[PDB]
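Working notes for the structure below.
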Amino acid sequence: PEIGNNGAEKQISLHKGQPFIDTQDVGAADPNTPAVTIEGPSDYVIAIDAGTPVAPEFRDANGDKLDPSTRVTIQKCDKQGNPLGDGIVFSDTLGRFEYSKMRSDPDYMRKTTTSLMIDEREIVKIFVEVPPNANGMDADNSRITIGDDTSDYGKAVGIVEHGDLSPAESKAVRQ
Amino acid sequence: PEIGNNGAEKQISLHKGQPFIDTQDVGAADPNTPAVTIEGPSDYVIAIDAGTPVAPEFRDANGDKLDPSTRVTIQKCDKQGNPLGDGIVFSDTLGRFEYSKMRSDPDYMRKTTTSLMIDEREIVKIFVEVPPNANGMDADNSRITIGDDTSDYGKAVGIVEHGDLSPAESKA
Amino acid sequence: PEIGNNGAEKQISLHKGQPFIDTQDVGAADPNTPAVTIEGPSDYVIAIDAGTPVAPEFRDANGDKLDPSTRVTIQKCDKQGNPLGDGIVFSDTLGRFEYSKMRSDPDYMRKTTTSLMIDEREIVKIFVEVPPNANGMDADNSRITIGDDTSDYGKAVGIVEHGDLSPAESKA
Amino acid sequence: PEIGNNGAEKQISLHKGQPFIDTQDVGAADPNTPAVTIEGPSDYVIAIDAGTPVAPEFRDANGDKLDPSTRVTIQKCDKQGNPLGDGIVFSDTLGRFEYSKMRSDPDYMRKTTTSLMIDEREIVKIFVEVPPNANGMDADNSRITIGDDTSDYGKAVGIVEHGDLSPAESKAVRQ
Amino acid sequence: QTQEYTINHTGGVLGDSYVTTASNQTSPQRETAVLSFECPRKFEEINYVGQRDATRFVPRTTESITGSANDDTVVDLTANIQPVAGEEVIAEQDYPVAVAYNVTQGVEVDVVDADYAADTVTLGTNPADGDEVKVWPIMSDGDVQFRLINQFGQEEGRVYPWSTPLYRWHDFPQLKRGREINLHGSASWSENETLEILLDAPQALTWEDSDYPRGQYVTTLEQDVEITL
Amino acid sequence: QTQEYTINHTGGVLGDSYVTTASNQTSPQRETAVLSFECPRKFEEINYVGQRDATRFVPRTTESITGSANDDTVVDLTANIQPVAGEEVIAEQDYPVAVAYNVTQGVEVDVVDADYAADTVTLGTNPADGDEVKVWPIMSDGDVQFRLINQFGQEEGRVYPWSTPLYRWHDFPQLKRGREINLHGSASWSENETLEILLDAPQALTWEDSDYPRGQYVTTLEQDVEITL
């Protein structure tokens, strides 16, 4: 057998069924909570470029899409669930995706605005603003995906083991 | 008549009845809600030293003190009501003041921990953590005071007009 | 408030609901009658490039498309409604557009052939040749559009005020 | 975990609930006995400085303070319960403490007069002189405290393990 | 410093106070102000650029009918009508051209088709006599534009002279890059200064009805902007 | 980087999960673990210093009686008793030495005085026969101490060898600088490592009763610490 020594900067993507991610249900008129939480695993470094695709595909408990006036906001945080204004990306509305062809089509493929980085212990949150008198989010059917592996279109999330590279700490301090 | 040209660094204090401050009622287990909000007025700069006194005097609607296990946290915020980890001061409990002699006594006078500054458009919030199955805060009777004018004890809040000094922009 | 001094060469498009355009119903086998007339406004200059999109969407009175063997011809005219052989563009058939995706799709987007210009008082007509024993055109539902603002695909109609530029007279 | 290697000269205080201390009731006109006895534990060395606070808080059986004309005397002893005139400290009256604020207030805080030391096997006694026709002492409610840990005011009792330092024997002979 | 956000007809980054909505006027055809956004205290400034910033604006109207014994299954309208980007078919559109709701039977009502030539639309159901109905068809025959206000209701300029028709706005398939709409003009303002989005059309549009199934707010605007923190 | 916070027997900066409380044991006198704080995931490390960091710890116990026809107005206790920093008077103390509550009459019960020599206390009211009562007097005759745990229930060291008595802890007037309490020892730990606060005393203390007027949580701890973000 033979396998190629693939580069440390591995091309990956994020989704629900992973250990360093979590979600929880949401009601209405309810900005403060992360519907979805992400955290940096230990001794790893994640990198999200500016042209990274984004793809929330939330649902209602009865299996429906929500009010497109709903808003989604990805946002970096300092440790301790402490958000920060700078570094925010993807302040979008829940409408205007066409989930059918969303990831499928590079046109519909909504990318981020600016670059981003996740040091080994950091947080990225996904806040949601639903107008009142509306249905709530259901975590069983909701989903997030970011990055585009497995396609000549779109970009992919970079990852690297912190212990391999020597300037990994330099890039971590650089943020 | 004659008045002396007092220095620009004026010695002041903050309280409820001011325009650049606000409050709102609070229930129970509501950390994110600020009970009190402060904002920098226009073309002014506020300075709060590290040894600045602090004095919340919250109340219950029926006119009682709350559970002393309650927590109070002053905290600086970036614009857009956004908190920050650095710059925070006075993470204290609601008990252990003895409001009777609190401002009166330099002993009971609880000071801050580190220095602080407020550029012209910035925010400082006062979050409160009440345990559940307790009574809520009532804004009619609650109050904040910080700084100590009018006493040889304690420190005062510095203020300056931004349009007077030239290096005020550099200091900001 | 602040607005940027946009360039004089403004990027525009033409349609029915404008003052310097007009239309009138058409029957059958009536080439000389213009279904649509355009005229240059006063002290303005219009420019239509060669790669300009074109988009007639004529209809029948009952709300149907007409015989695709029908022909459409855009054509420049001298003053006094007088046609010309040179300067004509877009001698196309009424079929083979697929009006559903016509403006939508850069593929279906049919462009002109050669450049064009409209001095301040000039005319451009749109003649139509319908075969006999067919239904007539209905102006309530018909429409023209040319140029492509508001899309990275296609081109737009240039316009300029004559009274701004000095060599506008030389260009005319 | 990490703990700091605290110095051998540990800062401590004395009270009733300890093994190397004892007490017993007292009547009236009754100097000779120690109402309270202290002894040096094995292979330790205690040191009491001259500015050490002192705090007897004796009581009556019915729960009252005694006649303030009563006298208290701390006194060092040679071995065998054998007192000595030199080295005596704190010949005070039982009144004029204001037990309410006594330890609390540095003003009321009554300190010793001269230095003191306790070699590994030595004794310090607390004699009491009550005038006759008075109530006796009750050991259940009485108490001694000396030294002031846990306060920027006052001093604290030094202690050291005799086996650690080499000149511990030199200081013991020095007394 | 700079970001690229979206802003909506409600709340969003602003907070529902420094927005304001309004309907148009019917009998006097006038350049009403249907929406306006005032730069809040906290921001430094807002920018706006054409051919850089995308956009969406789905308006509608409201009309009503009266139930009758006769099997209507069709209603005329007072507004010019066309399909969403063109098609005879329903449920293929990017969104429904029209929605209908029965007050009595608190249920949606599907749509089969329409002529799309005259002011006509079909209903798939068979309304009963006396039953009350509401319908929110597409809107047409209008113009939209921008203008700036310097804190006083006192205009200083205009983003772009020539109005774009909402008719065309519906005609283009939205939300496709390359085919996305991008107006012209390069505006910018600061604290407490307002951008007004203005309407010139006959038919009475809506913002809120409280009995519309597909979301609470019927119409919508979603515009891209650039902000300095 | 570094800050100076307070930490409490509930929630606070931690979040109510990586705290845990517990009562002591009575018949076997043993160095139980009444409280413990585990450094969460998010912090880098925690420090702790004596003669630098202030402290407060107000414990109590619980006892009960039975109403009788005879006018009791006094109850014995099973715990040594003294005033809060010493005084015969009530309502002058930094806090009440004792609290009482009647189950039937869902009201507070004042206190007049007590002997403070034997296990005694007075009641100002006149309880009825059969009425159920609860009382939360001061606690005495105990020792408190610290120790560290390396994620496993596996001790490595001890902050300070010699225990301090809670008796003395109540005796000093708290919350006065200069007279403030400051233990000894200089500890520090990191993620998921625990500090346990331990108790050695006979009487059964409490943390929660759900029928205590002066706040929900009866007892309390409030300690100063230094944190690296």
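Quick note: the coordinates plus some simple rules give every number you see, no bench work behind them. Using ideal geometry, Cβ is built from the backbone for each residue, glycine included, and neighbour counts are taken over all protein chains shown.
Remark: spin-label model distance B:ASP25-A:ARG121 equals 4.1 nm, labels positioned 7 Å along the Cα→Cβ axis. The slack between A:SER170 and A:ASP43, meaning 0.36 nm per residue of separation minus the straight C-alpha distance, is 44.3 nm.
Across the range B:32-172, Cα-Cα pairs more than 25 Å apart make up 31 percent of the total.
Residues whose amide H comes within less than 5 Å of that of A:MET117, counting only those at least five positions distant or on another chain, are A:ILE48 (H built at 1.01 Å from N in the peptide plane).
Amide H contacts of E:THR228 (H built 1.01 Å from N, in plane; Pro and chain starts excluded): E:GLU44, E:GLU45, E:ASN47 sit under 5 Å, all sequence-distant by 5 or more or on other chains. Other residues lying with their Cβ under 11 Å from the Cβ of F:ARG147 contribute a combined charge of -3, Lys and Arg counting +1, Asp and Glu -1. Between C:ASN133 and F:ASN70, the modelled label-to-label distance comes to 12.8 nm, taking each label 7 Å out from Cα in the direction of the beta carbon. The relative contact order of chain E, computed from alpha carbon pairs under 8 Å that lie at least 6 residues apart in sequence, is 38 percent. Extent along the principal axes, Cα only, for the range E:75-229: 55, 32, 30 Å, with the longest axis given first. Legend: distances between Cα atoms for C:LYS101/E:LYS134; A:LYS76/B:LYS171; C:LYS65/E:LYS134; C:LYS16/C:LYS171; C:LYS79/C:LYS125; A:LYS171/B:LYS76; pairs beyond 21 Å are C:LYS101/E:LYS134; A:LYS76/B:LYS171; C:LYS65/E:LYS134; C:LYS16/C:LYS171; A:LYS171/B:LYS76.
When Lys and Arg each count +1 and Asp and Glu each count -1, what net charge do the other residues less than 13 Å away from D:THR23, Cβ to Cβ, add up to? Local net charge: -2. With K and R counted +1 and D and E -1, the other residues having a Cβ less than 12 Å from that of D:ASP119 yield a net charge of -1. The protein assembly as shown gives an Rg/Rh value of 1.13, both radii derived from C-alpha positions and Rh following Kirkwood. Stokes-Einstein diffusion of the range E:60-139 at 4 °C, 1.567 mPa s viscosity, Kirkwood radius from Cα pairs, rounded to a whole number: 101 µm²/s. Peptide E:172-180 shows a mean partner chain C-beta count of 6 within 10 Å per residue C-beta. A simple spin-label model places the labels of F:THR62 and B:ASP140 3.6 nm from each other, with each point 7 Å out along Cα-to-Cβ. 3J(HN,Hα) couplings calculated from phi for the range A:96-106 with the Karplus curve 6.51 cos²θ - 1.76 cosθ + 1.60 (θ = phi - 60°) are, in sequence order, 6, 10, 6, 3, 4, 10, 4, 5, 3, 9, x Hz; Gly and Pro show x. Sequentially through the range E:203-219, phi angles give Karplus couplings (6.51, -1.76, 1.60; θ = phi - 60°) of 6, 7, 7, 9, 10, 9, 9, 6, 9, 9, x, 6, x, 6, 7, 5, 7 Hz, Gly and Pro residues having no value and appearing as x. Only DSSP H runs of four or more residues enter the estimate; each adds -39500 (n - 2.57), and after division by the residues of the protein assembly as shown the mean residue ellipticity at 222 nm equals -500 deg cm²/dmol. For the rotation that carries chain F onto chain E, the axis lies closest to a Cβ at F:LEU229, 12, where the number is the distance in whole Å. Multiplying each eigenvalue of the alpha-carbon gyration tensor of the range F:153-229 by 5 and taking the square root yields semi-axes of 24, 19, 16 Å, largest first, rounded to whole angstroms.
For a paramagnetic label modelled on C:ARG121 (point 7 Å from Cα along Cα→Cβ), amide N atoms under 15 Å away belong, within the range C:17-59, to C:39-45.
For the range B:85-102, 3J(HN,Hα) computed residue by residue from phi via the Karplus equation (6.51, -1.76, 1.60; θ = phi - 60°) reads x, 6, x, 4, 8, 6, 9, 10, 8, 6, x, 6, 10, 6, 3, 4, 10, 4 Hz, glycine and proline entered as x. The same position E:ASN192 in the other copies lies at 5.6 nm from this copy, comparing label points 7 Å beyond Cα toward the beta-carbon, shortest first.
With its label point defined 7 Å out from Cα along the Cα-to-Cβ axis, E:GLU87 lies at 8.3 nm from the matching points of the other copies, in increasing order.
Take each residue in F:151-163, count the other chain C-beta atoms within 10 Å of its C-beta, and the mean is 2. Shown is the FRET efficiency for C:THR33 and E:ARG30, computed with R0 = 35 Å from the Cβ-Cβ distance and rounded to the nearest 0.05: 0.45.
Shortest first, F:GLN1 label-point distances to identical copies amount to 3.1 nm, with the label point at 7 Å from Cα along Cα→Cβ.
Projected onto their three principal axes, the Cα atoms of chain D cover extents of 54, 37, 28 Å, largest first. Sorted on the mean count of surrounding Cβ atoms within 10 Å across their residues, most packed first, peptides F:91-104, B:88-101 read B:88-101, F:91-104. The mean number of partner chain beta-carbon atoms within 10 angstrom of a residue's beta-carbon across peptide C:1-12 is 6.
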